[PDB]
Every structure is written in C-alpha cells, then in structure tokens.
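Single chain ahead, by itself, as structure tokens, in the form deposited without 2-methylidenebutanedioic acid.
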C-alpha cells in the first residue's frame, strides 16, 4: 500500500510534499500543498519541515531549493523536466544581451535556475505585465516563452523580444482555434479559461487569461469552464469546486515531464532520500536577487 507507506515515511522524515497542479490525481491526493511552482516554494518557507518532496519538474524543485536552502529538497525522478525551460540556454541570453545592450532581461519563472542567474528580474504569468510596465526600456528581452511574451507585449505596448526566438511549451502550443470552436459547440454555457502559454489567436478567444493559480482564483466567477491547460488541472479544479463543471479543451494536453512522477517514486524518494536537488551558491544567490526584485516591482 504505497499511500500508507508514504504517509508513514512523511512523518518519519519530517517531510512536506509539494505537488504541482499538473501532477497525477493520486499524487495530488497525498500532497500537503498543491499549486504552481513559485507559490509552493514560497509557502514552504513558512513551514517547519526538514525535507521537501517536490512532485513537479526540475526547475520547480530548484526554485524550492533556492528559497529553502536549509532544507533537503528531493525530486522523485530526474526525468521530470520542462521542455520549455530547457530551450533557453545561457548562450541565448548572452547573445540576446550583446545584441540589445540596453534591454532588460525578464525571465519567466518557468526557466532553469541557471537562466535565472542572468535575469534582471523574474516574472510569473500573474505579475508579468505589472513588472514589465515599470521597466524604462520600450524593448525587453523575455524568456523562455514567446506566447507569454506576446501577451506581455500586448498588455504593455512594449517591444518584447522572445529568447529563444521560438521558445514555447509543447503542451500549450497544441491548442487551436478549432479547439475553441469545438468547446463552444460542446459546452455552450461554459466560459473559457486559457493559459497565456497558448498561442495569441487562442488567447484572444478567452473569457479569462490566467495561469493555474489565477484559474483557481477566477473560477468563482462562473459555474462551467472549459480549461485550456494541461489536462490534470481539470482534476484539481473539480476537487476544489465539486459544484461547478470543468471540461478539458483537448484530449492530448499531457506533459510527459510532469508524469515522470508516480506514487511509487514518491515512496522511493522518502524511503531512500533521493534525488537530492542542489543549486550552486552563485547561481542561487543571483536567482534569489531577481526574484526579490520581482516581488518589489509587483
């Protein structure tokens, strides 16, 4: 019984389990806190636990370690990785900076810790517009997601240069205008909640544009929603609001990296104290500073 074993080991290890909204239902069901990556990392800084088991992808566990350097942070599989974050290389940032010497570098939190060390400021989907509006430059380097960059450009009026030029999340890139039309045909009383990682023409059809935390916040505004994000978010929303109706926008919006994590490797993570997440000191210090500037600018 993996659940019973996990619960006992969590107590033995003085551990907290943090799960991203895209984790499998059986993982969400054993987590202590569920949410998006930055919010989970922040909430753990106020928790008296010795060990964090991060049920999510590598950059999320890295952010938890950056903000909780004094805790052991475990990732259940090193194959839990983010294809979008991995598209942004330090080279891309430096090459972009050498080309636009006066442009600030704004890093979406969905990005490696190493990339964060070169950012002037980080952003979440929820604070990206307010942060970028406060930058003096009308030209901004933004990464790694070109679709979020386009949304920020629209809402700020600034020129936003995506780094890398084609950075994107393959899960969110799948959604199309045909998916929007089908959603309205199959669920005519639903409103559309759309992640800003979706393509701009799909963003324009949204009733609300928000990442997963904002979807949870704004779900109270209507009783039926079609959800344009990774499909496990539907499970999360149905558990939060059993009185509402939620429908996935697609049959295939599946993040392979998120689903590298299973109940069995959460058990093995606590049993064997693996896999330990470490962040080099200089990267961690610089990544912290960009995050702190984000919170001051928002």
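Rigid core: the largest C-alpha set superposing within 1.5 Å between the two forms. Residue numbers count along the first chain shown, from 1.
As listed in the deposited structure, the average C-alpha B-factor of 230-238 and of 60-68 is greater for 60-68.
Stretches compared: 45-53, 258-266. Higher mean C-alpha B-factor in the entry: 45-53. Ranking 85, 171, 160, 75 by Cα temperature factor from the entry places 160 first. Highest C-alpha temperature factor among 148, 113, 107, 215, as the PDB entry reports it: 113.
Ranked within its chain, residue 195 lands in the lowest third, by CA B factor from the PDB record. The entry lists a Cα temperature factor for residue 81 that places it in the lowest third of the chain's modelled residues. In the PDB entry, a CA B factor belonging to the highest third of its chain's modelled residues is recorded for residue 284. Compared with the other modelled residues of the chain, the Cα B-factor recorded for residue 290 ranks in the highest third. Residue 225: CA B factor in the lowest third of modelled residues in this chain (values from the PDB entry).
Beyond the structure shown, there is the form deposited with 2-methylidenebutanedioic acid bound, which is absent from this document and is the topic of what follows.
Looking at residue 36, you'd find a heavy atom of it within 4.5 angstroms of 2-methylidenebutanedioic acid in the entry with it bound. Proximity of residue 124 to 2-methylidenebutanedioic acid in the entry with it bound falls within the 4.5 Å heavy atom cutoff. Residue 77 falls outside the set of residues with a heavy atom inside 4.5 Å of 2-methylidenebutanedioic acid in the entry with it bound. For the chain shown alone, residue 147 is not a contact residue for 2-methylidenebutanedioic acid in the entry with it bound, no non-hydrogen atom being within 4.5 angstroms. Residue in contact with 2-methylidenebutanedioic acid in the entry with it bound (any heavy atom within 4.5 Å), chosen from 108, 175, 151, 225: 108. With 2-methylidenebutanedioic acid omitted here, the record of contacts in the entry with it bound names 194-202 of 69-77, 194-202, 180-188, 113-121, defined by a heavy atom within 4.5 Å. The partner is not shown here, but in the entry with it bound the stretch 203-239 reaches within 4.5 angstroms of 2-methylidenebutanedioic acid through a heavy atom at 211, 212.
With the two forms fitted on their core, the C-alpha shifts between the shown form and the other one stay under 2 Å for all of 89, 184, 217, 99 except 99. Residue displacement note: residue 154 has its CA displaced by under 2 Å between the shown form and the other one (rigid core superposed). In this overlay on the rigid core, residue 199 has a C-alpha that sits less than 2 Å away from its partner position between the shown form and the other one.
Positional change of residue 79 between the shown form and the other one stays under 2 Å at the C-alpha, relative to the superposed core.
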